[PDB]
Every structure is written in structure tokens, then in C-alpha cells.
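Trainee: fold the following, please.
(chains A and B)
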2 protein chains.
Amino acid sequence: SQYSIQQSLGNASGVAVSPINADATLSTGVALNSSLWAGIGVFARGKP
Amino acid sequence: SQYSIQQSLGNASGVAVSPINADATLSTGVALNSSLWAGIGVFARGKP
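Mentor: Numbering: from 1, shown residues only, chains lettered A, B, ... in the order given. Shown next is the structure:
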């Protein structure tokens, strides 16, 4: 309909905006400063 | 519960304070100006 925004705009009159690139700002979330411990054992209560 | 303060703050919203560093202020308590004398002997009373 109206107010819609296209993205291709190939060989036809119109106006279109490309989707945001955001590729030069790629970070990585690993949170290195976090430690957890895993172990096995024998206890009194818990799901085996 | 509430009023608690965390220390890690890894990849999650929140506020945390690290434990006090206090490593550039390390002194050494030896009290060099102290002298005591140790000896053996034969006496009249005491635990052998």
C-alpha cells in the first residue's frame, strides 16, 4: 500500500532505502570474566 | 536478595563493584628494633 518502503528499486521510478549494514561494528559477547564449576558426586537429595 | 552487591557483572544488565585492590600499599611488619635472648641451663624449678 502507501507509506510502504521498498528495497530493490530495479529499473523503475521510485525511492528505496537499503537495510542497515551494521557490519563494521561487529562485536563479540563472551564475558570472559566468568567462571563456573562442574562436578559429580553422591548426595542425599536430587534427581539422579 | 535486595541490597546485595555483586562483583562479576558478565554480559547482563546491573551494577557491581570490584573488591578493594590495596596492592600498591603493601607494607611489611617485622619490628626490627626488637631483641630477645634464648638459652639453655640447669635450674631449680621449671618444666624440663
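Trainee: could you use CA atoms for every contact and neighbour count after this?
Mentor: Noted.
Trainee: so which residue of chain A comes closest to chain B?
Mentor: Proximity of chain A to chain B (Cα to the nearest Cα) peaks at residue A:31, 5.2 Å away.
Trainee: which one is that residue nearest to, not counting chain neighbours?
Mentor: residue B:10 (5.2 Å; Cα to Cα, 6 or more residues apart in numbering or on different chains).
Trainee: burial of that neighbour, as a residue count?
Mentor: Other residues near residue B:10 number 14, with proximity taken as other Cα atoms under 10 Å in any protein chain shown.
Trainee: next one: residue A:16
Mentor: What residue A:16 shows, counting by other Cα under 10 Å, is a neighbour count of 13.
Trainee: doesn't residue A:9 make contact with it?
Mentor: Yes: shown here, residue A:16 and residue A:9 form a contact pair, counting by Cα atoms under 8 Å, at 6.1 Å.
Trainee: the residue of chain A closest to chain B against residue B:8, yeah?
Mentor: No: using Cα under 8 Å, residue A:31 is not in contact with residue B:8; the gap is 9.5 Å.
Trainee: which of those two has more neighbours?
Mentor: Per other Cα under 10 Å, whichever of residue A:31 and residue B:8 has more neighbours is residue B:8, with 16 against 12.
Trainee: residue contacts, that one?
Mentor: Contacts for residue B:8 (Cα atoms under 8 Å, 6 or more residues apart in numbering or on different chains) come out as A:33, A:34, B:16, B:18.
Trainee: looking at it, the second one is touching residue B:10, isn't it?
Mentor: Yes: with contact defined as Cα under 8 Å, residue A:34 reaches residue B:10; the gap is 6.5 Å.
Trainee: what's the overlap in contacts for these two?
Mentor: By Cα under 8 Å, 6+ apart, no residue touches both residue A:34 and residue B:10.
Trainee: out of the contacts of residue B:8, which comes closest to residue B:24?
Mentor: Distance ranking of the contacts of residue B:8 against residue B:24, using Cα to Cα, places residue B:18 first at 16.0 Å.
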